[PDB]
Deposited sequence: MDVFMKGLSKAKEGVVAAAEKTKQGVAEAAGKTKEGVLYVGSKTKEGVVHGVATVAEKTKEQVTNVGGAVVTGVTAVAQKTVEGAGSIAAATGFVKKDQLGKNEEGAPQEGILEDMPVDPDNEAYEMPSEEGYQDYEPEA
């Protein structure tokens, strides 16, 4: 088996704070997620989480919830 399980359980005066992000840039180039190829048979890309791309990227309190991904590629059963 190639199974995969994950669980989480909860049985439940603070200040949040400050997050300051200042960016001064010029002539920026960014590639978040890239798959380049030549003479390929399959190209699968599954995004279950969060992909934050930019010239100024900020992520806060992003991934705390339940999600599942199940991928299976190839599988050539060429008996004779």
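* **Missing stretches, numbered from 1 on the deposited chain sequence and kept in order** => Those stretches are 1-13, 26-31, 100-140, listed in order.
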